[PDB]
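As structure tokens, the structure follows; a few thoughts come after it.
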Amino acid sequence: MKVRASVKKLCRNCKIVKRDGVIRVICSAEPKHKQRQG
Amino acid sequence: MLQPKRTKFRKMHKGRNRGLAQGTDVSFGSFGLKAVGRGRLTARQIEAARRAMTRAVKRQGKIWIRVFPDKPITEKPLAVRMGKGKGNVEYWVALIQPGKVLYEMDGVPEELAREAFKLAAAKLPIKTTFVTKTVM
Amino acid sequence: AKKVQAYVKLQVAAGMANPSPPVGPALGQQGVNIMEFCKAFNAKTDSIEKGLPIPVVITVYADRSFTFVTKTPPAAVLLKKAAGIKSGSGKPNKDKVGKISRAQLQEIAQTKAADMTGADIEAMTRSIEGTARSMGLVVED
Amino acid sequence: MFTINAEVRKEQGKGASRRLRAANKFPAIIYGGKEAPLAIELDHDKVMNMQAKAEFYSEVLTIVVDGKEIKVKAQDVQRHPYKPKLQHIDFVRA
RNA sequence: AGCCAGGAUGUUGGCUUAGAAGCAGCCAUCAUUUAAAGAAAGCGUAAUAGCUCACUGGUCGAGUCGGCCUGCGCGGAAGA
Ligand SMILES: [Mg+2]
Ligand SMILES: [Mg+2]
Ligand SMILES: [Mg+2]
Ligand SMILES: [Mg+2]
Ligand SMILES: [Zn+2]
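Shown next as structure tokens:
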């Protein structure tokens, strides 16, 4: 996954979710979109 | 890269940048990008942002730049004592107060003026906001 | 009309049957023959004319060859011989390039006894008007 | 058709007018005609939303101060330097 | 919001196409049957494509969408 200050939906399948205290991007169509920490 | 073509004097006192801005209304185009904070825009900065916005609208619409450098900044290089005369002018900046309309644009759909203004702001050292023209 | 079961479309003209250069190995590989594009192909190709592009069904199941009743030619195929250039585009939207009028192709597509949409034949009339405009011509309608 | 409610101002000056905007009200003024001008306080959101509409600046609007009705036209407006807000309006008795 | 349907016809679109059939290309962006369906949404075939979408029927049955002024927080945050 890509970890960095600004995380962002990259596509219609990207979702945003808070797990523990952390903003995370789950995408259901594209592993390269999975992000952490922003 | 904007800068005076000529000037009465080479160097300026540092001065302070108090006060609120003077050109505060979108007064040429249909949309403006406005200074919300206080700071200095440099020529390179003014130009980087310009480039950003100009390419966003491809060859379309029109653009005014409401701000112009005109303030010469000096610096002393590495390995130099304090004193021994004021340093060399390295660049120019424009003093910015909250309220300044910086760029204005026209001849494009709002959303595009927004996209373009966004992109340009990312190059700027001070917070900005999208403004529209008003009656009165 | 039912669902999926064999059908393609990749040829050059009714006057070049079964060919190899434009197509070749990709004209018979699944219950279809590079040698049998004439016995049902020419089941009415020669009779009428050899000078109009037309693709056609395949309908296969597992029966030796294939059963494919043919039908009509396109409408940009009838702008090379009946309404202008054999090229087409040129510089499509740079200047008007070439031109057509309403008398032209009205009958050269009012033929269609095996295709077209809309009972009104003043309409599926104008349906073939654009196939002379995806190339960017002029309207003498 | 545009109807703006408005008390007259018991105070004046920087201090009073800043206090004003701190309470989401904002000062304005009416002049023109032969009467003395009238120093007014307007609600912010109400007037603000209203002047989003172009006709606000063309039409005669009516200002209700103390049940009395004054008919005016927008004359000049001072806007906030970078916030979508209103600092002061000039109304002409017309 | 979800689930069931459809997603068509000039047109496999003419095209500096070897092959494109919506696809880096090509240029414009029209026009038929319809409830609506884009010469265009897509991962993407040797070319057919097979498969979900933009849009519209049905089902359901009461709320739903996201900008504005704002209070307080969250990430951004590595050292002997
Ligand atoms: Mg854990
Ligand atoms: Mg004081
Ligand atoms: Mg629904
Ligand atoms: Mg923080
Ligand atoms: Zn994604």
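Residue numbers (PDB author numbering), protein chains in the order written: chain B4, 1 to 38; chain BM, 1 to 136; chain BI, 2 to 142; chain BV, 1 to 94.
Just so you know, even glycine gets a beta-carbon here, dropped at the ideal spot from N, CA and C.
For residue j and residue i, the rounded distance between their alpha carbons
| i | j | result |
| --- | --- | --- |
| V139 (chain BI) | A84 (chain BI) | 12 Å |
| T126 (chain BI) | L79 (chain BI) | 14 Å |
| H80 (chain BV) | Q87 (chain BV) | 6 Å |
| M136 (chain BI) | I129 (chain BI) | 13 Å |
| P54 (chain BI) | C39 (chain BI) | 15 Å |
| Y91 (chain BM) | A116 (chain BM) | 26 Å |
| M1 (chain BM) | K76 (chain BM) | 23 Å |
| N24 (chain BV) | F56 (chain BV) | 20 Å |
| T129 (chain BM) | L38 (chain BV) | 35 Å |
| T71 (chain BI) | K32 (chain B4) | 48 Å |
| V57 (chain BI) | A114 (chain BI) | 15 Å |
| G23 (chain BM) | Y82 (chain BV) | 11 Å |
| residue 139 (chain BM) | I46 (chain BM) | Nothing about residue 139 (chain BM) can be read from this structure; chain BM reaches only from 1 to 136. |
| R10 (chain BM) | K86 (chain BM) | 11 Å |
| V47 (chain BV) | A74 (chain BV) | 12 Å |
| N49 (chain BV) | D43 (chain BV) | 11 Å |
| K14 (chain BM) | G83 (chain BM) | 16 Å |
| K4 (chain BI) | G32 (chain BI) | 18 Å |
| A113 (chain BM) | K5 (chain BM) | 30 Å |
| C27 (chain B4) | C11 (chain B4) | 8 Å |
| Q78 (chain BV) | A28 (chain BV) | 10 Å |
| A14 (chain BI) | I109 (chain BI) | 17 Å |
| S66 (chain BI) | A27 (chain BI) | 15 Å |
| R134 (chain BI) | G37 (chain BM) | 54 Å |
| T54 (chain BM) | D142 (chain BI) | 42 Å |
| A56 (chain BM) | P109 (chain BM) | 12 Å |
| residue 1 (chain BI) | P22 (chain BI) | Nothing can be reported for residue 1 (chain BI), as the shown portion of chain BI is limited to 2 through 142. |
| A49 (chain BM) | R66 (chain BM) | 13 Å |
Any chain BV beta carbon closer than 8 Å to residue i
| i | result |
| --- | --- |
| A21 (chain BM) | yes |
| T132 (chain BM) | no |
| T24 (chain BM) | yes |
| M105 (chain BM) | no |
| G61 (chain BM) | no |
| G99 (chain BM) | yes |
| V135 (chain BM) | yes |
| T74 (chain BM) | no |
| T129 (chain BM) | yes |
is_contact[residue i, chain BM] using C-beta, thresh 8 Å
| i | result |
| --- | --- |
| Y31 (chain BV) | no |
| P81 (chain BV) | yes |
| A54 (chain BV) | yes |
Cβ-heavy atom distance, residue i to ligand 2, below 7 Å
| i | result |
| --- | --- |
| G13 (chain BV) | no |
Closer than 7 Å: residue i CB and nearest ligand 5 heavy atom
| i | result |
| --- | --- |
| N13 (chain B4) | yes |
| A116 (chain BM) | no |
| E90 (chain BM) | no |
| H33 (chain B4) | yes |
| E75 (chain BM) | no |
| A7 (chain BI) | no |
| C27 (chain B4) | yes |
| residue 111 (chain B4) | Because chain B4 spans 1 through 38 in this model, residue 111 (chain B4) falls outside it and cannot be assessed. |
| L20 (chain BV) | no |
| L10 (chain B4) | yes |
Cβ-heavy atom distance, residue i to ligand 6, below 7 Å
| i | result |
| --- | --- |
| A54 (chain BV) | Questions concerning ligand 6 fall outside what the structure shown contains, since the ligands it does hold are ligand 1, ligand 2, ligand 3, ligand 4 and ligand 5. |
**Request:** Give, in chain order, every residue of the stretch 16-27 of chain BV whose Cβ lies closer than 7 Å to some Cβ of chain BM.
**Result:** Cβ proximity to chain BM below 7 Å picks out nothing from the stretch 16-27 of chain BV.
**Item:** Short-range partners of chain BM found in the stretch 63-78 of chain BV, where Cβ spacing is below 8 Å
**Value:** Those would be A74, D76 and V77, in chain order.
**Request:** Residues of the stretch 30-59 of chain BM with a CB closer than 8 Å to any CB of chain BV: list them in chain order, please.
**Result:** Listed by position along the chain: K34, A35 and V36.
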